[PDB]
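Okay, so here's just one chain, in C-alpha cells, the form deposited in one PDB entry.
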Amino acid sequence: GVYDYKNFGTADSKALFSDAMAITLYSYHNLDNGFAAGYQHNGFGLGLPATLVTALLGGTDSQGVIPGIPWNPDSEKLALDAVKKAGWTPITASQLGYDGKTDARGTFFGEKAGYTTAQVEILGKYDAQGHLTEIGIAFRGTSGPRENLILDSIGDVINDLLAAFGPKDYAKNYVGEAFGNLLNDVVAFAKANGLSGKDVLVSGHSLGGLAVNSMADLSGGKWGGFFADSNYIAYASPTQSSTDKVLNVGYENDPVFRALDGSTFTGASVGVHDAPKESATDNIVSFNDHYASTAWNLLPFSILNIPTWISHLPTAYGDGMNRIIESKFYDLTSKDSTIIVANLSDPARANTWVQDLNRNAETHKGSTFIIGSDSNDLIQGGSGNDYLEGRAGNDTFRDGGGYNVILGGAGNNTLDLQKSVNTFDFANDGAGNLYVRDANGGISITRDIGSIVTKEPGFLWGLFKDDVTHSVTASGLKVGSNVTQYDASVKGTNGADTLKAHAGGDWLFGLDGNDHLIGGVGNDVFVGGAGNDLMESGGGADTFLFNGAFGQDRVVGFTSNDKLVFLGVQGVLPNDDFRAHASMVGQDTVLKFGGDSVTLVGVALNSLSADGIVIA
C-alpha cells in the first residue's frame, strides 16, 4: 500500500495513517474549514488570499474571521469532536506534570525565543477500560513572529523562509528548541503508563511536517533516545529528515511539499521540484480546479505564486487521502504509485474529466489509480493501464486503452466507449464482472457499470446513429429488444470444475475452487479465478487473465502467440516487467505476485518476451 510504514502490515499501516491524519487535522482547529466549503460550493474563481498563506505559516489569534478566510463558527467543537471520534483526547498539562503554558483549547506552545508561537497537541488514545495505549504528538509549526510575514511581499517572505530552513541546522533542530522540555515530560508520562517509543505517533502538516522531520532527526540523540522507535508521518513537509524514520506524504502539485532537498534550497525550490525522494510519496495528484484549469496554469508553477497553495490546504489532504485509504484498490498501490484524487469543486465536477494531465511533474510511470468522490464524477483513464474507482454517485468513465479495472461503486454508472460497439467484445462471468475487450486486445474488468455508451458512425442495426446507450444484462447488452451478445463462454461454479472450451474458442470462467480448464484449438480466454487452477491452452492464440488473490495456477501449453495478463494483482512496483517476478523451478517458469503464482509448465524463462506477459 502507498502508506506502508516500517515493517507494519498493510492494515496496521493504514490505521496509523488514519490516526496521523486525524491528529494533524485537529492541530489546525478547522482553520481552512470555511474556505474549503466556499471552494466546494463555488469553485476557485476568486483564488486564494495571502492572509490564508500567512495564517498557515504564522498561526492565528483566534477563533474568528480573518479577511479572506470565511470562518465556520463551530470550527472548534467540530475539530475536537472529530479527533475524539478518531479515538483521541488532549492530555492536560497537569497530567504531564508540565509547568508551562496551555491555552483554552489545551494547545502547548514553544519554549525558546523564536519558537514561542510554535504549537503542539499532545493526545491520548485509551482502551475500553480507560488505560492509555498510545500518545499522539501533532505539531502545528510556525515560521517565527507573525509580524514578520507582512514586512515584505508574500513571495519574498516565502523565498526567504525557504532559504533559512537549511543553514545552521534550523529545520533539523526546530523541535529541540521549541519543545525540548515538554518532550521530556512526555517521556516520563509515557513510562508512567507503561508505554515505550513505539507507542507514540508523531504527525503534522506544512511547518508541522517540518517539525515531524526535525523530531525524527533528533530522536536518536535527545530524550534519551526514547522516541527513536516512534512512528513519524509528516504531511506536506518542505523538508525531509536524514533518518529512515519519516513517511513524507504529500500531493505532487502541492508547492510546499518537497520544496527543499533535505533542508537544502536548490534551483528547483521555487519551481517544480518533483524529483523522486526515498522518504516521500512522489506521485499523488490533487485533481482540483487549479490543476484542471488552463487559465490557472498560464504562469510557471511556483511556491512563490499564492494560488498554487490551493493544493497545500489541509481539508483536501484529509478528505482526498482518506479516500485513498478506503479504496478497493488500496492494496495494489505502493509508495510511488501514480494516484489521481478527484478534488474538484461542485461546479467544476459537473463538466471536468478527472485524468492524469501529468502537469508540473516528471513523467508518470506504471499503472494509474484514479479515485473518485462520493458525488457524480467524470473519470478519464489514459491509454496505459488504469484502475478507476467511482465510489458513490452516478459516475461516467472513459478510458483510452490498455488493461484496466473500472469500479462503478454505488449509483447508476456508465462506461462511455466513444467508439462503435462493433469494435469491442464483451464477456460476463455471472459473478458481477463485465469484461470489455477493445480492437487492440486491451481488457477492462468492470463492476457495477449498468450502462455502456457507444458512438456509432452508422445506424446500428439500421436504427441508431451517434451516441447509443446499452443496458448491461445477463443475456448481453440491450437496446430495447436488440441484443449485443456476450462472447461464447463456459461458466463453472464456486467448487472444483472441469470446463471444456469448444473448438471455436471460449471464455472459460472457473470462479472459486481449484478448477481444470481445458482449452481447445480455438482462441480461448482463461479466467481461473480464485483457487489453484490448471489451465491447458489446447492450441490457438490464448489469453490467461489473473486478477486479485488468484492462487497458485499452472498453465500448460503456453506458446509465443499466447498472452498472460496480470491486472489488479499483488506486488507490482511501478513499471515492473515479468523478469522482476520470474524464476525457474526445475523445467518450469514461475511468476510470483505477492502470495499468488503462475507456473508456466515446461517453459524456459529465456524463451519469454515482455510482449506476451502484461503486468498492470
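Throughout, we count residues from 1 along the sequence that is shown. Only residues modelled in both forms are compared. C-alpha atoms forming the largest set that superposes within 1.5 Å between two forms make up the rigid core.
In the other compared entries of this protein that model both flanking residues, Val468 has coordinates in every one, well short of a third left out. Per the records, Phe459 is among the residues left out by at least a third of the other compared entries, whereas the shown structure includes it. When the two stretches 169-177 and 214-222 are set side by side, the higher mean Cα temperature factor goes to 169-177. As recorded in the PDB entry, 152-160 is the stretch of 152-160 and 371-379 with the greater mean C-alpha temperature factor. Between the residues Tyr251, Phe464, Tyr232, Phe329, it is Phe464 that shows the highest Cα B-factor in the PDB record. As recorded in the PDB entry, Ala474 shows the highest C-alpha B-factor of the residues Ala474, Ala316, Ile340, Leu508. When the CA B factors of the chain's modelled residues are split into thirds, the value for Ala410 lands in the middle one. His29: CA B factor in the lowest third of modelled residues in this chain (values from the PDB entry). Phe558 sits in the middle third of its chain by CA B factor, as recorded in the PDB entry.
Remark: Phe8 belongs to the highest third of its chain, ranked by C-alpha B-factor as recorded. Among all modelled residues in this chain, the alpha-carbon of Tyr115 has a temperature factor (C-alpha) in the middle third.
If you look for the form deposited in another entry, you will not find it shown, but the lines that follow are about it.
Put simply, after the core is superposed between the shown form and the other one, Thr142 is the one residue in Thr142, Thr454, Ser269, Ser286 with a Cα shift of at least 2 angstroms. Once the rigid core is used as the reference frame, the Cα position of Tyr486 differs between the shown form and the other one by less than 2 Å. With a cut-off of 2 Å and the rigid core superposed, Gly586 has a Cα displacement that falls short of the cut-off between the shown form and the other one. For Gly58, the Cα coordinates differ by 2 angstroms or more between the shown form and the other one after the core has been superposed.
Distance between the C-alpha atoms of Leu463 and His470: longer by at least 3 Å in the other form than in the displayed form. The distance between the CA atoms of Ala268 and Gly144 is at least 3 Å longer in the other form than in the form shown here. Residues present in both forms were compared between the shown form and the other one after fitting on the core; consecutive runs of three or more with every C-alpha moved by 2 angstroms or more are 45-73, 141-160, 162-168, 458-465.
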